[PDB]
Visitor: 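Dropping a structure here in structure tokens format, bear with me for questions.
When a ligand or atom number is given, it counts from 1 through the structure's own listing order. Naming: A, B, ... by sequence-line order, numbering from 1 per chain. Worth knowing before you read on, the calculation uses all heavy atoms, side chains too, and leaves out hydrogens, waters and symmetry mates.
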There are 2 protein chains.
Amino acid sequence: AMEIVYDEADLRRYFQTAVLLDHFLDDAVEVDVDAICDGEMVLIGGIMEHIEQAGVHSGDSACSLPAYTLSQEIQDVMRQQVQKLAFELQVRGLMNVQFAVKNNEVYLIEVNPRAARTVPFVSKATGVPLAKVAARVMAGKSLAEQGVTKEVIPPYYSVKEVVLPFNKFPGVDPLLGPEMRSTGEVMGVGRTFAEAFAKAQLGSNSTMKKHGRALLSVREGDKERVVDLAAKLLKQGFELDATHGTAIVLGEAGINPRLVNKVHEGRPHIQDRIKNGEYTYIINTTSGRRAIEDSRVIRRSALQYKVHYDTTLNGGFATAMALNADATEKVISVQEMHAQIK
Amino acid sequence: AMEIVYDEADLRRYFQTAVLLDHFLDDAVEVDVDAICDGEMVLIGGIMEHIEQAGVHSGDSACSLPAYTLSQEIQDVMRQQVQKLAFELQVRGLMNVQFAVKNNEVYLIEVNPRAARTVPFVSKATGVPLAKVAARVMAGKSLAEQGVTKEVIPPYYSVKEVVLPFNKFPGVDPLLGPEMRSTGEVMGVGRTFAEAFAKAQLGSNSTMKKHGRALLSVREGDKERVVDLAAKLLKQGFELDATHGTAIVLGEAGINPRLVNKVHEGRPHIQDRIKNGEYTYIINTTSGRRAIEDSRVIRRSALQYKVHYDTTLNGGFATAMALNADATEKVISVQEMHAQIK
Ligand SMILES: Nc1ncnc2c1ncn2[C@@H]1O[C@H](COP(=O)(O)OP(=O)(O)O)[C@@H](O)[C@H]1O
Ligand SMILES: Nc1ncnc2c1ncn2[C@@H]1O[C@H](COP(=O)(O)OP(=O)(O)O)[C@@H](O)[C@H]1O
Ligand SMILES: NCCC[C@H](N)C(=O)O
Ligand SMILES: NCCC[C@H](N)C(=O)O
Ligand SMILES: [Cl-]
Ligand SMILES: [Cl-]
Ligand SMILES: [Cl-]
Ligand SMILES: [Cl-]
Ligand SMILES: [Cl-]
Ligand SMILES: [Cl-]
Ligand SMILES: [K+]
Ligand SMILES: [K+]
Ligand SMILES: [K+]
Ligand SMILES: [K+]
Ligand SMILES: [Mn+2]
Ligand SMILES: [Mn+2]
């Protein structure tokens, strides 16, 4: 059990119901790196960039290989960083390192000196059977001896998306957090990140549509960025709805959504609309044990009514991007994929 | 002093701060009628339809001669009612009667057996010097004897608008009510009601513009009709702004105004927007002691910053209409006006 606390008040509050204390890196990109070390050298297996920010368990985040927003310069550091750790730790076989990029700064989140649940994905995107190689390494067959020394950079985009069990347990708030709840994953392969994401999304059993009405209800820290997402949705032909606070923000930017009522506000309220199959998309971000408990109804309703909803703005942008793509336009086989690797 | 209470809880409330008790005829048209009685006949001097509904002092309402919404059917009833009263009370010279029209029903508000303040306006509008006629009657000369027996209905519209002294007392909430506060009045002469109104409004020192951003903030009972007003402003080239409840109603109408924060809501709020010159027009209607007190800021700011504002929906519609006119287009003299009368 983990939780994020925001203020002194919040602290106590936890303490009641409720030990390491760690500063939470707000508005940070989460990254996964799987690598192999034989003592001599380090082979970077894969650099995965999470769609959802740090604070949403790696295990529940979608991720891209290669990174789709991060700088080469920045990867390069993580890369250097891993190597440093691999030797220091005296890693012999697989390892996994988790970072967080904040303001062009790399923070270390944790190191797993073992095989991580990402390996099969990486193995598949890159064509390198990371598990076998690392096994060989463990048995006494260097990377050099194996002929696997260069880091592989795929020609295409591989996106990993998760599948959550919320629908089996309705009483639960289908919301993301620092604790992993997903049961499985899918993979999307595309020429563009948008394509890959689009395939991954569909694969995960998404009910996202390419038209209709979107509901925008984001948190403070998101009010600023939501503008561009709304514009993307609008460009896509979506019609918009927004809860007061968010409507305020959009409007000041030149975007007037239809104002919708919260539950305690009037009628109809979002629930009604959700229930009536009024929306095809919901973007809902929150921040705070209270704000969360208060918005629970949006999420439960959406899940219950099969409306695709995102609980992260990052996730929403990705959803938006994927709108430009067509998951059924092109298929490729694993063999072909790997045949493409130089 | 007069007040309008809305519920039992309101009654006590008043009672505390605080007797005739009169049912208040909501959503009613107020009308003024000026006439002369010589004991033999009754001469109708003028039937004036107010713009502001009953509840807004006749002395502070703009009015039209002739009526601009009242059925002939209904005016005739009032004419008959004025004759009945003239004779009964034994009027000898001028009189004035105030009615309220609710649901095609004529209600009597009051009778003033003397010369009323509308007398000069009616004389100007009609070319008949009612004070001179009534004076001769008082002195012995009948209406028949003077050759003034038929009611005059002029070929043009005459609109009277008032000027309020609120600008001299900034602490005062510049809102209309059952008690008179105006100091003066002007008259507008037009081929249409919109033209007369335009001239009257301009004559009243109104800062109304034919373009810009308007702010809508209306009460419950007006939410229905506000849509049509919002559209009308739309047709004109105005951009809209609105507070929560209003925005809600407009949204349901397909009109998406730019949301605006009530003062307790956040920012920016109306005050800021008004203070920063955002608006060129304001329509703000309120009902209830409490609601009024709360909205005080809007009105006080609108006045301080010189934005044209209406405190009645009837007023806003009139304003709406006038936009279709040009008060400088044509001018006519009283001599000319009077020669047009048959
Ligand atoms: N300091 C931190 N700031 C922001 N997010 C963090 C921080 N520490 C952990 N997280 C988030 O919590 C998740 C779980 O943290 P982690 O230490 O890796 O736990 P686990 O052992 O369950 O894998 C991460 O994948 C990340 O999204
Ligand atoms: N019962 C009522 N329903 C609606 N409006 C009314 C009612 N009684 C009076 N009014 C409003 O109050 C105003 C003033 O009332 P009135 O009886 O004419 O007093 P005054 O002596 O000031 O002329 C009217 O012009 C009208 O707007
Ligand atoms: N990557 C986890 C799934 C994301 C889900 N649509 C959500 O935004 O909550
Ligand atoms: N005839 C009354 C003046 C109108 C003013 N603009 C108001 O509506 O309050
Ligand atoms: Cl359950
Ligand atoms: Cl679709
Ligand atoms: Cl926030
Ligand atoms: Cl004052
Ligand atoms: Cl203008
Ligand atoms: Cl009301
Ligand atoms: K994450
Ligand atoms: K761990
Ligand atoms: K009136
Ligand atoms: K009176
Ligand atoms: Mn972890
Ligand atoms: Mn009166």
Visitor: Determine the minimum heavy-atom distance between B:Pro154 and B:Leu65, stating which atoms define it.
Guide: CD-CD2, 3.8 Å

Visitor: Around atom CD of A:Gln72, are there more than 12 heavy atoms from other residues, nucleotides or ligands closer than 6.0 Å?
Guide: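 Count over threshold, so yes.
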
Visitor: Give a yes or no on this: more than 12 heavy atoms of other residues, nucleotides or ligands lie within 6.0 Å of atom NZ of B:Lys223.
Guide: yes

Visitor: Please examine the side chains of A:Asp32 and A:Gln98, heavy atoms only from C-beta on, and report whether any two atoms are closer than 4.5 Å.
Guide: yes

Visitor: Under a 4.0 Å threshold between the charged nitrogen and the carboxylate oxygen, would B:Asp76 count as salt-bridged to B:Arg79?
Guide: yes

Visitor: Quick one: name the protein N/O/S atoms under 3.4 Å from the K ion (ligand 11), chain by chain.
Guide: A:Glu30 OE1, A:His50 ND1, A:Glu52 O, A:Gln53 O, A:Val56 O, A:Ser61 OG

Visitor: Can you confirm whether A:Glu3 is buried at CD, in the sense that more than 12 heavy atoms of other residues, nucleotides or ligands lie under 6.0 Å from that atom?
Guide: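 Yes.
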
